[PDB]
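In what follows, a structure is listed as structure tokens, so that the remarks can point back to it.
FYI, it's all coordinate maths here, none of it is from the lab. When we count neighbours, we look across all protein chains shown, and the Cβ atoms used for this are built from the backbone with ideal geometry, even at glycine.
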Amino acid sequence: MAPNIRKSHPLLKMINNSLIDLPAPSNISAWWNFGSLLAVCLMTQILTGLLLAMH
Amino acid sequence: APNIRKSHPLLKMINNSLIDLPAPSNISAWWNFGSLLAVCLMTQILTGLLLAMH
Amino acid sequence: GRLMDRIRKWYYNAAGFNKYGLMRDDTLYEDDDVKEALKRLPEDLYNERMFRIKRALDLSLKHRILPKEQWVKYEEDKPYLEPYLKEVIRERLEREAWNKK
Amino acid sequence: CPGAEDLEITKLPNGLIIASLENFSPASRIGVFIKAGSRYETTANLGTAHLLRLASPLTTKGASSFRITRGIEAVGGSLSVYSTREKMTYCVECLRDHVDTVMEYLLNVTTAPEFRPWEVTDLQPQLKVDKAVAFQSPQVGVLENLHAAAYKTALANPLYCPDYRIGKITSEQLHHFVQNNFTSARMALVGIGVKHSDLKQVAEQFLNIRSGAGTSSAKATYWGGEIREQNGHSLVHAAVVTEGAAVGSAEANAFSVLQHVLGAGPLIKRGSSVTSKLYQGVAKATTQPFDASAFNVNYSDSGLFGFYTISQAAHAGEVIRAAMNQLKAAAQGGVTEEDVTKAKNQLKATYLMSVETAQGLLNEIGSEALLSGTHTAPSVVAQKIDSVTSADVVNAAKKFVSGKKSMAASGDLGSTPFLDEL
Amino acid sequence: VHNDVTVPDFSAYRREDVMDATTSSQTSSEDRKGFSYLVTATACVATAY
Amino acid sequence: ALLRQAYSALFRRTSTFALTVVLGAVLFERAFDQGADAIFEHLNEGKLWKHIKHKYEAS
Amino acid sequence: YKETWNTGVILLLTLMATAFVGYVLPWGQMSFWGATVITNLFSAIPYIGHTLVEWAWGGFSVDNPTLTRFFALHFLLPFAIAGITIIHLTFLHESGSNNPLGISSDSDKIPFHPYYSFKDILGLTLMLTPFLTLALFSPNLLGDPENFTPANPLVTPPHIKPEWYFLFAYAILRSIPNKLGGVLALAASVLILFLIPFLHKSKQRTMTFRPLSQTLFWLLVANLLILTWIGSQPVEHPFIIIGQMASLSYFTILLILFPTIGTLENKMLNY
Amino acid sequence: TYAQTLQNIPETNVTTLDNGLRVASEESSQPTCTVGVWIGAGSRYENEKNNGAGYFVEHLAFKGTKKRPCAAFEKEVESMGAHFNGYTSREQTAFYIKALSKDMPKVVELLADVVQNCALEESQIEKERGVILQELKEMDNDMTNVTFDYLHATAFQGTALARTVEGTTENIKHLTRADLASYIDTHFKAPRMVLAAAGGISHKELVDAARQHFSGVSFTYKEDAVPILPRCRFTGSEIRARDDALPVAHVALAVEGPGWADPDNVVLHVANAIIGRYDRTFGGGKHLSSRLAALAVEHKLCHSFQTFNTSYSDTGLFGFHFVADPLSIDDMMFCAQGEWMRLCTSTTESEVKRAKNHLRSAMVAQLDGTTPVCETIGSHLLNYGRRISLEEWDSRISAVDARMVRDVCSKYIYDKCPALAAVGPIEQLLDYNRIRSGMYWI
Ligand code: HEM
Ligand code: HEM
Ligand code: HEM
Ligand SMILES: CO/N=C(/C(=O)OC)c1ccccc1CO/N=C(/C)c1cccc(C(F)(F)F)c1
């Protein structure tokens, strides 16, 4: 298909186009750091949530 | 793009998998189970939640 | 008297894009009209704008600005796009008006 | 109520000629005829005339690209530009009640273009398209090469922008071309379906780019070359000519007649042309399908005459020879006093029919009012045509057999003869 | 050549009213559509219930 | 011809088609339920409380 | 970036509902009374009011049936948040990120990795430190002691107030004395976010080069701290009058001043 | 003024010869003229075995008559500077001549000689046999016509109108001197013909010359009777001729039209003017008033497209045809059908207002010259049984309004099963069902 398997694969391609080869402005500041924190925050709530739910 | 079914970032998805999606002309009833499995899943989740609430 | 001029020149300096070496028109949000106008700019004006902007993005990431000497002065700011943009809007309004009739 | 009106024709101080004829037709057709074309182009600005042709719909000082089209279409009108290597006509059509409306755009397009760089830039790739459809007719490729082989300049210039120049024409060249050619002394404002006073009040109190004759075209030097194009086509199109007659020239009529005598175009659907010596001659020569006609062009300072032949590759040899023998045979008194009589009629008929068309009429009228300033009555043109001796015709033919020929052919020329083999 | 091409005969499938090649098929069109659409509208009612 | 009348009045314009489905469902429900219940009770005569109720219904 | 924005507003709303139902689960005093106070607000909606409420509770008051359905909702919504978050980023990727100068960054783009993966991981540890410091050294700093007491429907706590992140809205709720009006005001305090895209008048995208808007912006921020503060106070003078001032200025700044100052600024740039 | 110029148009004179022939003309002050006979005959009148006869007869019509063989006939027409031409369609045939008004009478004699005395030389027939067979291979490469043939082949499947004008390869390889004779003797008859003329000609001298060469009178009542053809049934259906090797695809879609007589045709034509046409050389480009044209330009939807309202005695085809690249067929079709739905549901007075002016110009432009004025007279008589003056047409065209275009279009287009013909690399255009759905809800 394509040279590197990061672009051809139907899934890695997704991971690559949103977390690796994804074009980002060179000047975004710390204020743009909150999106990722929100996501991580969400994964953490869900994780600790499940652990609490089990009791 | 002319029609909003192809341009829109979401409808485009709905269109490329449930409307303009190219399907063989001769698939039989045996290919009907994928959709039933999906609907079946939506239904279990729905009745499940309703039970979970009690 | 020269009140409107005192205010403008004041706002111009308060805004501060001139510290990045940008022209007022460099700072325009690129909606549709502005996008069309840009396509009409002569090559030289377009490349100068591009460098200015790239230069500003680099200062921005570095958290620096240009030395005071290199700041664009109120009266030397070239409104290079305003002319094209006004024409683009004039054309749009003509078509809009005409398509109603 | 309406009746017989008469074809008036003023001429303003600046030399701007205004022709006019009211035929009370429900529709009008006004036009601006101009002495301009690829003829005035230099190696430096080739194609500019072509691009100018396609640029008629671009924004002008008085109307915008958008209003020009929507405006004209709002009243079911039309706007088009036809042109030759030396004349450009900008005309509009519409119902009588909309002339005044459609007129504004015609006025604007021809006298107030803006040639905005961007508009001009987006337009140029169109030269590639426009030219692509035109060249679908082999008929067009050889004529381009014919003029290129027949001349060294002016007329040698192609009617369609050469490839290498697509996208390189500039707004400066368009403006300069227009400023140096579209001048009142080179323009005529013809107009069928209108009252002369009205069409005149327009021409004056409105037209502004003016005075003089600007750029003058270099004399049409004659080269006499031979351009061949091997392209595979099962059919070979070939055209062999010689310096013919100029327009307004007495020697014209002679050729026009030798044209019909030799045969120029069929008059009977799917029929054979007996009255065509040329056709008939070639017919006896080849066995397979083909076609052959008398070619004749009359330009301001020159003209071309000869024959044009379409034939299967393998038989181009026999077909072209035949067309030739039939020309020599005519130059050697092979012309009956009757042939000259038949021709003269076909010519007068063809002429008379070629004016029933609103387009055909305006063209006829305008052409004179520009390269003359007068309207030769139909009886006069008739008087001039039949007043052509059987000798004149045999002479015209001589002029061909003797003159230096230039040839242009294209197709699978594998069996096509060279100019020096005829 | 295309002149030699013709549409096969659909008599084995045509509905009764458009079976005859010399009768206008329009006169029975509201009938044929009305029926099929009636089936459909009824399914919608059955489903809405 | 009802099929044609139906088509013209009800099924042609998508708006009226939806109106026909809604008004159709309202009427179908009322009718279909009455009939179903009617059928069910007839198939179970004297077994339902609705049937024996009178024996103890008397304040 | 309208769609990225609207999905965003939806994420916020879903997040709030999630935390609301979550808070009820421990079934302490504030759990119960917060549930009561807020859900009773809907009985104020016309005609369908009382219905909607008794439907939500699954009875006549917040009781076991409410608790069990709230657990189900709490377990569920976070997954909707994850789902919608994907849509959020999907719309976002149509345009790519905006930047602090508000001008096209096509002339200067860099790959997300390693630049931002590193910047973000750093950002993560920088925030995560105060988080853990609080959770490990001052666990109950943000919570109400009243929740260390089992819910009791026969004892109303003196000061029924929410977790800090809802205070601003609670203040606005209480600013309109009139069950129905307050509810609408509360609703509007967050739904107002759906109008922001339509109140942009500036010729420039960001506020980086708009000093008047910048102060208006910080005025608004301070406005929010004030509402948060009013939200934690009892309903008495002077907190009552201050509260309405803050509620009023809140809506004014977003609805009237921002768009107005933007236009004004356009003129000061001779636009 | 326009209104007046219309009135001052010389009337069209029509008089009937007792043998059944009708003579009509419009006298102008022109030195040149056009006269010819328009016959109510064509492939629709042919049957399965003589299909192509009328076309075969068109090939001989000029190869000489009995009174004067090939060479002589041609030489006589050529030498007077006259142009002899004609054609043959599904329901109409014609042979006409362009010459000087002075020769009007000799012309009429020539005409009458052609339709009445075709030589039908046995040797000639075998020659035109090979010629027609080649014209078939040539025409086979003109996608536009291959497509309209297919459109008829399916729209009117199983009927007369389903046939091509040129006929089959079999019919042409075997048609006989007899069949050709039979066709002529069966169809070219006075009551079914019209001698029309336009230019500088006296209706009188015309009809006088008419009685003289168009004498043949009828005895029985049958001979004075114009035969009514069996109606052709329309069928919503499609034919897909696929050849990915072809560079561009052609698509034609149409619903059944009302037929000559019906007044709605005036509205339909007004409707077609709203959508109009396009081709990559229209300078107007993205500013064209036609919405479909604009989209076509903006999105590069096609190389060209045209709307049409083809009429016939008892029926017709109302639709459109476009040429597009394999990968833009779907979007083109989408917008196209879209515009039809716009016609039925949301036409504006501004649109019709403009559509009318375009239509007026169109009708006027159809009478630009003698040949075209003659074609109109020949046709009008044969189809309307009279001449409809521009002054009338204009009256009708002016009575059209938005409301009317919507009702008429809804009446012929909305929720109808269309006829579809597609040729070329058509894989992206697809499913009749999908297309059928494009026939309702704007
Ligand atoms: C669970 C909540 C949310 C998640 C997980 C989330 C995640 C993200 C991420 C990963 C980004 C890219 C990085 C960044 O610029 O910060 C982003 C951008 C953005 N989000 Fe969210 N977001 C959330 C809520 C919201 C809310 C509530 C809004 C607005 C009301 C919003 C508005 C936006 C917009 C407009 C952008 C564009 C940023 C730019 O200007 O470049 N998001 N979000
Ligand atoms: C969107 C992420 C979530 C948010 C914002 C959130 C919020 C909350 C809040 C505010 C509480 C009350 C905490 C307290 O003061 O005691 C809570 C409790 C709880 N949550 Fe979540 N939660 C989230 C996701 C989850 C998930 C995914 C689950 C598990 C499927 C979960 C399970 C629980 C349980 C069992 C409790 C009760 C125990 C306790 O009170 O500590 N949470 N949550
Ligand atoms: C993949 C779909 C699911 C499957 C295959 C499934 C299967 C089952 C099975 C086999 C039982 C035992 C039923 C019995 O005999 O009583 C059950 C019970 C139950 N399920 Fe699910 N379930 C599904 C989804 C869910 C979901 C999404 C929920 C709710 C969040 C849920 C909630 C429950 C509850 C509360 C019960 C207990 C009540 C009862 O037994 O009827 N289930 N499920
Ligand atoms: C179940 O109550 N949970 C409370 C809490 O603090 O959870 C963190 C609480 C506590 C005391 C008072 C009011 C509230 C309820 O929340 N208060 C308000 C005022 C609110 C405001 C806006 C939206 C929402 C909602 F519904 F989450 F969407 C709620």
Neighbourhood charge, 10 Å Cβ-Cβ cut-off, centred on D:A330 and excluding it, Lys, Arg +1 and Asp, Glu -1
+2
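How much net charge surrounds D:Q173 when only other residues with a Cβ under 11 Å from its Cβ are counted (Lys, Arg +1; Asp, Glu -1)?
Values: positive: D:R165, D:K168; negative: D:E41, D:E172.
The answer is 0.
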Any chance you could list the semi-axes, whole Å, largest first, of the equivalent ellipsoid that the Cα gyration tensor gives for chain D, using √(5λ)?
38, 27, 19
Looking only at Cα atoms, what is the convex hull volume of chain G per residue, in Å³?
172
Cα lying deepest toward the dipole's positive end in chain G, options G:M16, G:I86, G:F258, charges on Cβ
G:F258
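What net charge do the residues around B:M13 carry, taking every other residue with its C-beta under 11 Å from that of B:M13, with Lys and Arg at +1 and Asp and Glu at -1?
+3
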Taking only C-alpha pairs under 8 Å that are 6+ residues apart, what is the relative contact order of chain H in percent?
22
How do D:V257, G:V9 line up, fewest other C-beta atoms within 10 Å first?
G:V9, D:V257
Of the trypsin sites (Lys or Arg not before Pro) in region G:176-271, which ones lie in a loop per DSSP and count no more than 11 other C-beta atoms within 10 Å?
none
Using only the alpha-carbon atoms of region D:102-190, report the extent along each of the three principal axes, biggest first, to the nearest angstrom.
38, 31, 26
So the angle from the long Cα axis of helix G:258-268 to the longest Cα principal axis of chain G, reported in degrees to the nearest 10, equals 20
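With both bridge residues required to lie in region H:12-225, what share of the DSSP beta bridges run antiparallel, to the nearest 5%?
Numbers: 26 of 32 bridges.
In region H:12-225, approximately 80 percent of DSSP beta bridges are antiparallel ones.
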Helix G:211-231: angle to the longest alpha-carbon principal axis of chain G, degrees 0 to 90, nearest 10?
10
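Give, rounded to the nearest 20 debye, the magnitude of the charge dipole that chain D has about its Cα centre when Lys and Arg contribute +1 at Cβ and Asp and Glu contribute -1 at Cβ. Provide the component values of the computation, followed by the final result.
Values: 37 positive and 38 negative charges, 113 e Å.
Result for chain D is approximately 540 debye, rounded to the nearest 20.
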Based on the Cα gyration tensor of the protein assembly as shown, what are the three equivalent ellipsoid semi-axes, each the root of five times an eigenvalue, rounded to whole Å and given largest first?
76, 45, 29
Candidate cut points under GluC sites (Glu not before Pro) in region H:207-259, DSSP loop plus at most 14 other Cβ atoms within 10 Å of their own Cβ, are H:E223
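Which order do H:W340, C:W71, G:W164 fall in if you start with the one that has the fewest other Cβ atoms within 10 Å?
On the way: H:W340 26, C:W71 18, G:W164 12.
Ranking H:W340, C:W71, G:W164 by Cβ neighbours within 10 Å, fewest first, gives G:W164, C:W71, H:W340.
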Per-residue ³J(HN,Hα) for region H:95-102, Karplus 6.51 cos²θ - 1.76 cosθ + 1.60, θ = phi - 60°, Hz, x for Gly and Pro
9, 9, 10, 10, 8, 7, 3, 3
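For Cα pairs less than 8 Å apart in space and 6+ apart in sequence, what is the mean separation divided by the residue count of region D:222-422, i.e. the relative contact order in percent?
Working: 352 pairs, mean separation 78.2, N = 201.
Relative contact order of region D:222-422: 39 percent.
Which value, in debye to the nearest 20, gives the size of the charge dipole of the protein assembly as shown about its Cα centre, when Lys and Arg are +1 and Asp and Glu are -1 at the Cβ?
Working: 137 positive and 142 negative charges, 610 e Å.
Dipole about the Cα centre, nearest 20: 2940 debye.
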Just how large is the dipole of region D:222-422 about the Cα centre, in debye to the nearest 20, putting +1 at every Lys and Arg Cβ and -1 at every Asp and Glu Cβ?
380
Mean-position separation - Cα centroids, region D:105-181 and region H:258-280, in angstrom:
36
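For chain C, what's the relative contact order in percent, using C-alpha pairs closer than 8 Å and at least 6 residues apart?
Working: 66 pairs, mean separation 42.3, N = 101.
RCO, chain C: 42 percent.
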So who's got an amide H within less than 5 Å of the one on H:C33, skipping anything under 5 residues away but keeping other chains? H placed 1.01 Å off N, in plane.
H:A99, H:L100, H:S101
Given H placed on each backbone N at 1.01 Å, which residues far from D:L422 in sequence or on other chains put an amide H within less than 5 Å of it?
none
Calculate the length of the line joining the C-alpha centroid of region G:14-43 to that of region H:24-78, in whole Å.
95
What does the C-alpha gyration tensor say about the overall shape of chain C? Classify as rounded when a/c is under 1.5, otherwise prolate if a/b is larger than b/c, or oblate.
oblate
Among H:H83, H:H250, H:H213: highest mean-square fluctuation, GNM of chain H, C-alpha pairs under 10 Å
H:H83
Return the long-range amide H neighbours of D:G244 (sequence gap of 5 or more, or a different chain), with a cut-off of under 5 Å between placed amide H atoms.
D:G303, D:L304, D:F305
Loop-located trypsin sites (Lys or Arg not before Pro) in region D:92-183 whose Cβ has at most 16 other Cβ within 10 Å (DSSP):
D:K152, D:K168
So what's the projected area for chain B, the Cα convex hull averaged over all directions, in nm²?
5.7
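Within 10 Å of each residue's Cβ, count the other Cβ atoms and sort A:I5, G:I81, H:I377, G:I253 from fewest upward.
Working: A:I5 11, G:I81 21, H:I377 27, G:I253 16.
Going from least to most buried by this count: A:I5, G:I253, G:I81, H:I377.
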If one builds a Gaussian network model of chain F from Cα atoms under 10 Å apart, the most fluctuating residue listed among F:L48, F:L27, F:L19 is F:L48
If one builds a Gaussian network model of chain D from Cα atoms under 10 Å apart, the most fluctuating residue listed among D:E356, D:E364, D:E251 is D:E356
Indicate the helices, whole DSSP H runs only, in chain H that combine a mean Kyte-Doolittle hydropathy of 0.5 or more with a Cα extent along their long axis of 18 angstrom or more.
H:104-117
Give me D for region D:17-176 in µm² s⁻¹, whole number, from Stokes-Einstein with Rh from the Kirkwood sum over alpha-carbon pairs, 37 °C and 0.692 mPa s.
195
Relative to the longest principal Cα axis of chain D, at what angle does helix D:250-262 sit, 0 to 90 degrees, rounded to 10?
60
Express as a percent, rounded to the nearest 5, the fraction of DSSP beta bridges in chain H (both residues included) that run antiparallel.
80
Phi-based couplings in Hz for region D:162-167 (Karplus 6.51, -1.76, 1.60; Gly and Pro marked x):
x, 3, 3, 8, 4, x
Dipole of the protein assembly as shown, positive end: most advanced residue of D:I192, G:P26, D:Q359 [Cβ charges, Cα centre]:
G:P26
